[PDB]
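Below you'll find only one chain, the form deposited in one PDB entry, shown as structure tokens.
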């Protein structure tokens, strides 16, 4: 069973940084001891602590990080994605609008697929979207993901620790309800990060905090100002039509937002123009 990784064939190279609920590292996997082996990414895990594994095991698509197996405190083993996160990539290269849109498209494809499998992500930001060699998008960090039971539209969870509240729709900040439409909001914020080249001083927490204290006063204030209709600003050099898309992803009421399935055509259309 090539889903079962043996400690004895796993040799560490680099730390790769941190995901939600565990460190990630690059390992060589050399079961036949051939001196070359295979590069893999391993996340060290550990109620619902194994949910990341259970969810990702069941996902297969070109725009989601590929599950490889586990090592029996548990280790999750995934494809290594060499270029890393969009958040560290974009500030360090010049990238064309047409290509930022293409990255946007691919996030939507994967998110549409994820939604079709009845999962929500709840952690969609540029820091968690990774790039492979051909600059293909792979969505990552499934630490916060949940299954939405059949014929329900949301899931209720109060996170005990940190979560990307600056990426979260009002219904999530206020009532701890997470809809499919909530990931669409997050994707709107993510679309903003791409267009601001993930400049740190343009970043959502940067911009939101400008308009604003304590950890949870911040959240109540942020909720208040989203409900009043205030939003991140148009990125410099961002086309009008694209700003419209983001604005649509940030409708206050979740039923107004477009779906990822809706977004694919629209992004394809704007990708040429």
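Here, rigid core means the biggest group of C-alpha atoms that superpose within 1.5 Å across both forms. Residue numbers count along the first chain shown, from 1.
There is another form of this protein, the form deposited in another entry, and it is not shown here; the text below is about that form.
Annotation for residue 160: C-alpha shift of 2 angstroms or more between the shown form and the other one, rigid core superposed.
For residue 253, a C-alpha deviation below 2 angstroms is recorded between the shown form and the other one after rigid-core alignment. Residue 9: CA moves less than 2 Å between the shown form and the other one after rigid-core fitting. Distance between the C-alpha atoms of residue 114 and residue 20: longer in that other deposited form than here (change of 3 Å or more). An increase of at least 3 Å in the separation of the C-alpha atoms of residue 200 and residue 159 is found in that other deposited form, compared with the displayed form.
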